[PDB]
C-alpha cells in the first residue's frame, strides 16, 4: 500500500488538495505538510488537523485561545486524531498516526486551525 501523502499550503490561505485518500490496508498513515511562499508562521502559519467532520469547527474555536505555542490546539483535545505543528514559509512537518483510529462509516475531515483559516482551509478524508 501507499501510506503517505504530502499536502502543500500557501500564502493565499489554501491547501493544494481538498481530499486526502487513506488506504484502509495501511497500518499507519503519514501526512507531510509543506508551506510554499514567503510568509512566516505568525502571519500566515498553517497546520493540518484531522478530526470528525462535525468536530472541526469546535476544535478550531477551542484552539484560538491556545496560541501558536500549542499549535493553535487545546492541549489534550480528545477530538483531534492527528495534527502537524503550525509551520511558516519554507518549513515542513509530518505526522504519523494509526489508521485504526478512523472508524469506518464515520465522516472525517482535515483543516487548518490557525485563527480564521478554517473557512478556506478544510477538506475531506476518504478511506479507500
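Residue numbers count along the first chain shown, from 1.
- Annotation for 111-119 versus 18-26: the higher mean temperature factor (C-alpha) is found in 18-26.
- Between the stretches 42-50 and 73-81, it is 73-81 that shows the larger average CA temperature factor.
- Based on the entry's C-alpha B-factors, the most elevated value among 86, 103, 60, 95 belongs to 103.
- Per-chain ranking of the deposited C-alpha B factor places residue 33 in the lowest third.
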